[PDB]
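K.L.:
The structure's right below; bear with me while I get my questions together.
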Ligand SMILES: Cc1c[nH]c(=O)[nH]c1=O
Ligand SMILES: Cc1c[nH]c(=O)[nH]c1=O
């Protein structure tokens, strides 16, 4: 049975990865983003969708979860989805400026505003990716994300969350928060994951050294062959 | 029919990727390395091998092909191979120091010398990955790579080459050079690829924007589902 990580633990593992093992931030994010794009394509394959190419809104927050979202948007386009991104708060750091340019030149469009009504999102986007807040959230949630989350909580189309459903307390969840259909837990699941009631839970981020998985007793499942995702439960 | 690129063309496409599209070097290398690890696992799956875990020597050169090799070693270990690396000439740049530490802490060992006789390599390593020179080679080939290539040309176990078989002229090949069993062409094949006579030719590096594939008329095949490799011919 895979370990579900405290916020303490998750912070520690993440910090080993960057300092002790010296993975660069972009390397880990590229693998995370790919895992996400991959989970989405397995859960919601293109052939199984009414639109062709199937359309997807990726909503990216102001830190690393946002960046996973950018990577994810990009691999989705390659897997034959048609993504659109909303990215309202963009850290001005080469990592993020690069990701934005990549998507831009992939003709992945960045909206200037969130569609203000649940219905409009529903009509335009067959699936929505919540790439807003991640495991290091505390929060608490400022604008424009409060009003964004609030639009999301009224959607009828599925939500895919990266790592944590944004708006949820990282260990305790949130009974009134958003309720996604797919959760991609990166590295290993966080304790908020026990409150998850969607259909698809996937593990992603196939880059965890054995020595580290042992040290924290993560008990990761065996990813099949060369896959970067594993369907849990 | 996929385009086979001149060295001119390949240099140009590569430079669009980094300048115009602003992919960072590590992002592209992580995807390349993964493609390689993946081609190897599909061509030589673990179950199909006499040793368990199956063993692999990754020989890494002094530039980017070397770095793809480091990434590749690492994903191989994750896919259940047991790799060993020989990396004699290491650029002292954070990118490469990071890759070395990652592998080190994965318990992937870096040999201090090349086993000097073809037979010793054969007895220890079921497969050898040629991660030495890449598409920007001119060369010409200095030590210790000359004596290395020379050891390789006497092997009985298969060779997997990344992008180009090292020692070959990038467009014209090399009749007396090494003769690999697997070639992983990254991005798109180079003209040396027409001289390839091994069994496995895979395309890798699933990150080519449509606008760029169109501008250079690469005519890439369709990668299946969420795969990062495609078997050619
Ligand atoms: C440990 C860790 C690293 N990176 C993530 O995105 N999530 C995690 O839980
Ligand atoms: C265009 C190009 C980029 N990167 C590579 O490794 N090989 C290539 O041919």
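Numbers run from 1 along the shown chain.
Looks like X-ray crystallography, 2.5 Å, at least that's what the header says.
Cβ from N, Cα, C; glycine included.
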K.L.:
To which residue among B:89, B:190, B:214 does Swiss-Prot attach the annotation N6-succinyllysine?
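P.N.:
In Swiss-Prot, B:89 carries the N6-succinyllysine label; others show none in the record.
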K.L.:
Among B:122, B:163, find me the residue Swiss-Prot lists at the same (6S)-NADPHX site as B:64, B:65, B:66, B:67, B:68, B:134, B:135, B:136, B:137, B:138, B:139, B:140.
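P.N.:
For the (6S)-NADPHX site that includes B:64, B:65, B:66, B:67, B:68, B:134, B:135, B:136, B:137, B:138, B:139, B:140, Swiss-Prot also lists B:163.
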K.L.:
Check Swiss-Prot: it lists B:65, B:166 as binding K(+). Then name which of B:26, B:130 it lists for that same site.
P.N.:
B:130
K.L.:
By the DSSP assignment reduced to helix, strand and coil, which category contains residue B:130 (K(+) binding site)?
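P.N.:
Looking at the DSSP assignment, residue B:130 (K(+) binding site) belongs to a strand.
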K.L.:
Could you list, ordered by sequence, which of these binding-site residues: B:65, B:68, B:166, have a Cβ under 6 Å from ligand 2?
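P.N.:
None, as no Cβ falls under 6 Å.
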K.L.:
Just to be sure I understand the packing, how many Cβ atoms besides its own are within 10 Å of the Cβ of residue B:163 ((6S)-NADPHX binding site)?
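P.N.:
By my count, 30.
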K.L.:
So around the K(+) site, B:65, B:130, B:166 aside, which residues have their CB within 8 A of the centroid of those CB atoms?
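P.N.:
Neighbours within 8 Å of the Cβ centroid, excluding B:65, B:130, B:166: B:59, B:61, B:69, B:131, B:132, B:133, B:134, B:161, B:162, B:163, B:164, B:165, B:167.
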K.L.:
Would you kindly give the Cα-Cα distance separating residue B:130 (K(+) binding site) and residue B:68 ((6S)-NADPHX binding site), rounded to the nearest Å?
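P.N.:
Between the Cα atoms of residue B:68 ((6S)-NADPHX binding site) and residue B:130 (K(+) binding site), the distance comes to 10 Å.
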K.L.:
Relative to the Cα of residue B:166 (K(+) binding site), which of the recorded positions B:64, B:66, B:89 have a Cα no more than 10 Å away?
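P.N.:
Taking B:64, B:66, B:89 one by one, none has a Cα falling within 10 Å of residue B:166 (K(+) binding site).
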K.L.:
Please report how many Å separate the Cα atom of residue B:66 ((6S)-NADPHX binding site) from that of residue B:89 (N6-succinyllysine), as a whole number.
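P.N.:
Taking the Cα atoms only, residue B:66 ((6S)-NADPHX binding site) lies 9 Å from residue B:89 (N6-succinyllysine).
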